[PDB]
């Protein structure tokens, strides 16, 4: 398990870089007015690339720092919401949701960090899990309600974005609890890594697809 976890960190590092530069190279495929989300998706993968290089080194040392993962999350999750909410909102409605969902994400990630750095299975560990889970469910319920009025190819492309988040983000609470299900500390890190690749590279691909649709392709 320890070597598998290291290898996955190394592969994910190159994968985040590939996502970054793939998305940048692909921006010419859509109209200028629809490139912003693609560029933000590239920024998300680029920040992740930076932190994945650090996480692989940290894991390899034998004294791993989950703070690297959590700082990456706290910076990137609000950016992902910026991309999502721009599809359905502008102006006042956009500003309100970006702020409120960003605050919620920060609470979720901070509660998780508090719990994960507590003794596994302790009241503190479960306190962080429960607070994070409630905030997560609030976010997912808000997301489900977004764009329910859309029709046509834009509706389908937005539903694909929503579904990636609604399904893919379940991996994170599963990773968080893995170490109390078995001798699975490394499996937490495996699951977080797989999740970050799926969610960050996948969202970028789907934001690019949305931009193709918005461009009339």
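Rigid core (definition): largest C-alpha set, two forms, superposition within 1.5 Å. Positions refer to the first chain, counted from 1.
Chemist: Any chance you could tell me whether 161-169 or 53-61 drifts more in 8 other deposited structures of this protein, judged by RMS CA distance from this form after superposing on the core?
Modeler: Comparing 53-61 with 161-169, the larger C-alpha deviation in 8 other deposited structures of this protein belongs to 53-61.
Chemist: Quick one: with the core lined up, is it 79-87 or 102-110 that wanders further in 8 other deposited structures of this protein, going by C-alpha RMS?
Modeler: The answer is 79-87, which departs more from the shown form in 8 other deposited structures of this protein.
Chemist: Mean C-alpha B-factor higher for 96-104, or for 114-122?
Modeler: For C-alpha atoms only, the mean B-factor is higher in 114-122.
Chemist: Looking only at CA atoms, which has the higher mean B factor in the entry: 140-148 or 105-113?
Modeler: That would be 140-148.
Chemist: Taking the values straight from the PDB record, which of 48, 190, 157, 30 has the highest C-alpha temperature factor?
Modeler: Highest CA B-factor of the listed options: 30.
Chemist: In this PDB entry, which of 168, 67, 175, 62 has the top CA B-factor?
Modeler: The record points to 62.
Chemist: Would you please rank residue 203 by its C-alpha temperature factor against the other modelled residues of its chain and give the third it falls in: lowest, middle or highest?
Modeler: Ranked within chain, residue 203 CA B lands in the middle tercile.
Chemist: Which third of the chain does residue 55 land in by C-alpha B-factor: lowest, middle or highest?
Modeler: Ranked within chain, residue 55 CA B lands in the middle tercile.
Chemist: Once the chain's modelled residues are ordered by C-alpha B factor and cut into thirds, is residue 194 in the lowest, middle or highest one?
Modeler: It belongs to the lowest third of the chain when residues are ordered by C-alpha B-factor.
Chemist: Looking at the temperature factor on the CA atom of residue 21, which third of the chain's modelled residues does it land in?
Modeler: For residue 21, the deposited C-alpha B-factor lands in the middle third.
Chemist: Looking at the temperature factor on the CA atom of residue 161, which third of the chain's modelled residues does it land in?
Modeler: Lowest third.
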